[PDB]
file model_29.csv (CSV, C-alpha atoms)
chain,number,residue,atom,x,y,z
A,1,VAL,CA,12.5,4.9,-9.9
A,2,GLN,CA,9.6,6.9,-8.4
A,3,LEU,CA,6.4,5.9,-6.7
A,4,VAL,CA,3.4,8.1,-6.9
A,5,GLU,CA,0.2,7.4,-5.0
A,6,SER,CA,-3.3,8.5,-5.6
A,7,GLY,CA,-6.8,7.6,-4.5
A,8,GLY,CA,-6.9,8.9,-0.9
A,9,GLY,CA,-9.7,11.0,0.6
A,10,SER,CA,-12.4,11.2,3.2
A,11,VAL,CA,-14.9,8.4,3.4
A,12,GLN,CA,-17.8,7.5,5.6
A,13,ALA,CA,-17.5,4.6,8.1
A,14,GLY,CA,-18.2,1.3,6.4
A,15,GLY,CA,-17.2,2.7,3.0
A,16,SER,CA,-14.4,1.9,0.7
A,17,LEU,CA,-11.5,3.5,-1.3
A,18,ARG,CA,-8.9,2.2,-3.8
A,19,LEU,CA,-5.4,3.5,-3.5
A,20,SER,CA,-3.0,3.4,-6.4
A,21,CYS,CA,0.8,3.2,-6.4
A,22,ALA,CA,2.3,3.9,-9.8
A,23,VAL,CA,5.9,2.9,-10.3
A,24,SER,CA,7.7,5.1,-12.8
A,25,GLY,CA,11.2,4.6,-14.1
A,26,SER,CA,12.8,1.2,-14.6
A,27,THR,CA,14.6,-1.7,-13.0
A,28,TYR,CA,15.3,-5.3,-14.1
A,29,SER,CA,15.5,-6.3,-10.4
A,30,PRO,CA,12.8,-8.3,-8.6
A,31,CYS,CA,10.9,-6.2,-6.0
A,32,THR,CA,8.5,-6.6,-3.1
A,33,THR,CA,5.8,-3.8,-3.0
A,34,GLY,CA,4.3,-2.8,0.3
A,35,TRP,CA,1.6,-0.6,1.8
A,36,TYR,CA,2.1,1.1,5.2
A,37,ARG,CA,0.1,3.6,7.2
A,38,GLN,CA,0.6,6.2,9.9
A,39,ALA,CA,-2.0,7.9,12.1
A,40,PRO,CA,-1.1,11.4,13.3
A,41,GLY,CA,1.6,11.3,16.0
A,42,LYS,CA,1.9,7.5,15.9
A,43,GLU,CA,4.1,4.8,14.4
A,44,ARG,CA,4.1,3.9,10.7
A,45,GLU,CA,2.7,0.3,10.6
A,46,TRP,CA,2.9,-2.3,7.9
A,47,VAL,CA,-0.3,-3.1,6.1
A,48,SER,CA,0.2,-5.4,3.1
A,49,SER,CA,2.8,-6.7,0.6
A,50,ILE,CA,2.8,-8.3,-2.8
A,51,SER,CA,5.9,-9.8,-4.6
A,52,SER,CA,5.9,-12.7,-7.0
A,53,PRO,CA,2.5,-13.8,-8.4
A,54,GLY,CA,0.0,-14.6,-5.7
A,55,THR,CA,2.5,-14.0,-3.0
A,56,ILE,CA,0.5,-11.6,-0.8
A,57,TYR,CA,0.4,-10.9,2.9
A,58,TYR,CA,-1.7,-8.7,5.2
A,59,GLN,CA,-1.5,-7.2,8.6
A,60,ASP,CA,-4.2,-9.2,10.5
A,61,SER,CA,-6.3,-6.1,11.4
A,62,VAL,CA,-7.1,-5.7,7.7
A,63,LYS,CA,-7.5,-9.3,6.5
A,64,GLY,CA,-10.7,-9.9,4.6
A,65,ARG,CA,-11.2,-6.1,4.2
A,66,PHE,CA,-8.2,-5.0,2.2
A,67,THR,CA,-7.0,-6.6,-1.1
A,68,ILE,CA,-3.7,-5.8,-2.7
A,69,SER,CA,-3.3,-6.3,-6.4
A,70,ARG,CA,-1.3,-5.2,-9.4
A,71,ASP,CA,-1.6,-4.3,-13.1
A,72,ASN,CA,1.7,-5.2,-14.6
A,73,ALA,CA,1.1,-3.5,-17.9
A,74,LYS,CA,0.5,-0.2,-16.0
A,75,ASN,CA,3.3,-0.9,-13.5
A,76,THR,CA,0.8,-0.1,-10.7
A,77,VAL,CA,-0.1,-1.7,-7.4
A,78,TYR,CA,-3.5,-1.1,-5.8
A,79,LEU,CA,-4.9,-1.4,-2.3
A,80,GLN,CA,-8.7,-1.9,-2.3
A,81,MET,CA,-9.9,-0.9,1.2
A,82,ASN,CA,-13.3,-2.1,2.2
A,83,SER,CA,-15.4,-1.7,5.3
A,84,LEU,CA,-13.3,1.2,6.6
A,85,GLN,CA,-13.4,2.2,10.2
A,86,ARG,CA,-12.0,4.9,12.4
A,87,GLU,CA,-9.0,2.7,13.1
A,88,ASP,CA,-8.0,2.8,9.4
A,89,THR,CA,-7.6,6.6,9.4
A,90,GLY,CA,-4.0,7.6,8.5
A,91,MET,CA,-1.4,8.6,6.0
A,92,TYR,CA,-0.9,5.6,3.6
A,93,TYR,CA,2.4,5.0,1.9
A,94,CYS,CA,3.4,2.5,-0.7
A,95,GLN,CA,7.1,1.3,-0.8
A,96,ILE,CA,9.2,-1.0,-2.9
A,97,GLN,CA,12.3,-3.1,-2.0
A,98,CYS,CA,14.3,-4.3,-5.0
A,99,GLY,CA,17.4,-6.2,-5.8
A,100,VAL,CA,19.2,-9.5,-5.3
A,101,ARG,CA,22.8,-8.7,-4.1
A,102,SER,CA,22.2,-5.3,-2.7
A,103,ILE,CA,18.8,-3.6,-2.1
A,104,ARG,CA,17.3,-0.4,-3.2
A,105,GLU,CA,14.2,0.9,-1.4
A,106,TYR,CA,11.9,3.8,-2.4
A,107,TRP,CA,9.0,5.4,-0.6
A,108,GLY,CA,5.9,6.9,-2.1
A,109,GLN,CA,4.7,10.4,-1.0
A,110,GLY,CA,1.8,9.3,1.1
A,111,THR,CA,-1.9,9.9,0.6
A,112,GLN,CA,-4.4,10.7,3.4
A,113,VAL,CA,-7.3,8.4,4.3
A,114,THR,CA,-9.8,9.8,6.8
A,115,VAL,CA,-12.8,7.7,7.9
A,116,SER,CA,-15.8,9.6,9.3

call {"tool": "encode", "arguments": {"input": "model_29.csv", "output": "structure tokens"}}
result
Amino acid sequence: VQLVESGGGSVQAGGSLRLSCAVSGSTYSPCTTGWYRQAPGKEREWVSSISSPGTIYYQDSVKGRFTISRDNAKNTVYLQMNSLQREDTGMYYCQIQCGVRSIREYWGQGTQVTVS
């Protein structure tokens, strides 16, 4: 299993970007997929997660602005980031936690988001 992200970049304050997390490989195990972010020199914080259908959660600072979704046929999860502000600047990572008995976790490579 491998997670590859795309969609990062520089954007003007108030603007938007859609990040993609493409899951390659295979597993028959259930997984929770999450988004995290880390500003330079700071801690990596949790942003959002999606698991079973409609089971979605968000860090409060992004509620109403970010929307996580998935396209099952493409085995991809997206993070639509609207009304971006300086506080949202950072390296964004997607991650998956899978399994029932024992868990397997995988981290994407990270994609930079810089808000004017």

call {"tool": "closest_atom_pairs", "arguments": {"input": "model_29.csv", "of": "stretch 19-97 of chain A", "to": "stretch 7-10 of chain A", "cutoff": "10 Å", "atoms": "only C-alpha atoms", "output": "JSON lines"}}
result
{"residue": "A:19", "atom": "CA", "partner": "A:7", "partner_atom": "CA", "distance": 4.4}
{"residue": "A:20", "atom": "CA", "partner": "A:7", "partner_atom": "CA", "distance": 6.0}
{"residue": "A:21", "atom": "CA", "partner": "A:7", "partner_atom": "CA", "distance": 9.0}
{"residue": "A:78", "atom": "CA", "partner": "A:7", "partner_atom": "CA", "distance": 9.4}
{"residue": "A:79", "atom": "CA", "partner": "A:7", "partner_atom": "CA", "distance": 9.5}
{"residue": "A:80", "atom": "CA", "partner": "A:7", "partner_atom": "CA", "distance": 9.9}
{"residue": "A:89", "atom": "CA", "partner": "A:10", "partner_atom": "CA", "distance": 9.1}
{"residue": "A:90", "atom": "CA", "partner": "A:8", "partner_atom": "CA", "distance": 9.9}
{"residue": "A:91", "atom": "CA", "partner": "A:8", "partner_atom": "CA", "distance": 8.8}
{"residue": "A:92", "atom": "CA", "partner": "A:8", "partner_atom": "CA", "distance": 8.2}

call {"tool": "closest_residue", "arguments": {"input": "model_29.csv", "among": "A:33, A:16, A:95, A:6", "to": "residue A:66", "atoms": "only C-alpha atoms"}}
result
A:16

call {"tool": "closest_residue", "arguments": {"input": "model_29.csv", "among": "A:2, A:83, A:51, A:109", "to": "residue A:63", "atoms": "all atoms listed in the file"}}
result
A:83

call {"tool": "residues_around", "arguments": {"input": "model_29.csv", "residues": "residue A:50", "least_positions_apart": "2", "cutoff": "10 Å", "atoms": "all atoms listed in the file", "output": "ChimeraX atom specification"}}
result
/A:31-35,48,52-58,68-70,77,96

call {"tool": "write_last_selection", "arguments": {"input": "model_29.csv", "atoms": "C-alpha atoms", "output": "PDB file, in the coordinates of the input"}}
result
ATOM      1  CA  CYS A  31      10.900  -6.200  -6.000  1.00  0.00           C
ATOM      2  CA  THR A  32       8.500  -6.600  -3.100  1.00  0.00           C
ATOM      3  CA  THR A  33       5.800  -3.800  -3.000  1.00  0.00           C
ATOM      4  CA  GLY A  34       4.300  -2.800   0.300  1.00  0.00           C
ATOM      5  CA  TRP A  35       1.600  -0.600   1.800  1.00  0.00           C
ATOM      6  CA  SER A  48       0.200  -5.400   3.100  1.00  0.00           C
ATOM      7  CA  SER A  52       5.900 -12.700  -7.000  1.00  0.00           C
ATOM      8  CA  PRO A  53       2.500 -13.800  -8.400  1.00  0.00           C
ATOM      9  CA  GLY A  54       0.000 -14.600  -5.700  1.00  0.00           C
ATOM     10  CA  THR A  55       2.500 -14.000  -3.000  1.00  0.00           C
ATOM     11  CA  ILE A  56       0.500 -11.600  -0.800  1.00  0.00           C
ATOM     12  CA  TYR A  57       0.400 -10.900   2.900  1.00  0.00           C
ATOM     13  CA  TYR A  58      -1.700  -8.700   5.200  1.00  0.00           C
ATOM     14  CA  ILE A  68      -3.700  -5.800  -2.700  1.00  0.00           C
ATOM     15  CA  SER A  69      -3.300  -6.300  -6.400  1.00  0.00           C
ATOM     16  CA  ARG A  70      -1.300  -5.200  -9.400  1.00  0.00           C
ATOM     17  CA  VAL A  77      -0.100  -1.700  -7.400  1.00  0.00           C
ATOM     18  CA  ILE A  96       9.200  -1.000  -2.900  1.00  0.00           C
TER      19      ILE A  96
END

call {"tool": "atom_distance", "arguments": {"input": "model_29.csv", "atom1": "atom CA of residue A:71", "atom2": "atom CA of residue A:85"}}
result
26.9 Å

call {"tool": "closest_residue", "arguments": {"input": "model_29.csv", "among": "A:39, A:113, A:73, A:3", "to": "residue A:18", "atoms": "all atoms listed in the file"}}
result
A:113

call {"tool": "closest_residue", "arguments": {"input": "model_29.csv", "among": "A:4, A:103, A:62, A:81", "to": "residue A:47", "atoms": "all atoms listed in the file"}}
result
A:62

call {"tool": "residues_near_point", "arguments": {"input": "model_29.csv", "point": "(-0.6, -5.4, 10.5)", "cutoff": "6 Å", "atoms": "all atoms listed in the file", "output": "list in words"}}
result
residues 46, 47, 59, 60 and 61 of chain A

call {"tool": "atom_distance", "arguments": {"input": "model_29.csv", "atom1": "atom CA of residue A:107", "atom2": "atom CA of residue A:94"}}
result
6.3 Å

call {"tool": "atom_distance", "arguments": {"input": "model_29.csv", "atom1": "atom CA of residue A:64", "atom2": "atom CA of residue A:24"}}
result
29.4 Å

call {"tool": "closest_residue", "arguments": {"input": "model_29.csv", "among": "A:29, A:22, A:116, A:65", "to": "residue A:86", "atoms": "all atoms listed in the file"}}
result
A:116

call {"tool": "residues_around", "arguments": {"input": "model_29.csv", "residues": "residue A:84", "least_positions_apart": "6", "cutoff": "6 Å", "atoms": "all atoms listed in the file", "output": "list in words"}}
result
residues 13, 14 and 15 of chain A

call {"tool": "write_last_selection", "arguments": {"input": "model_29.csv", "atoms": "C-alpha atoms", "output": "compact mmCIF listing (two decimals), in the coordinates of the input"}}
result
# COMPACT_ATOMS: atom_id res chain seq x y z
CA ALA A 13 -17.50 4.60 8.10
CA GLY A 14 -18.20 1.30 6.40
CA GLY A 15 -17.20 2.70 3.00
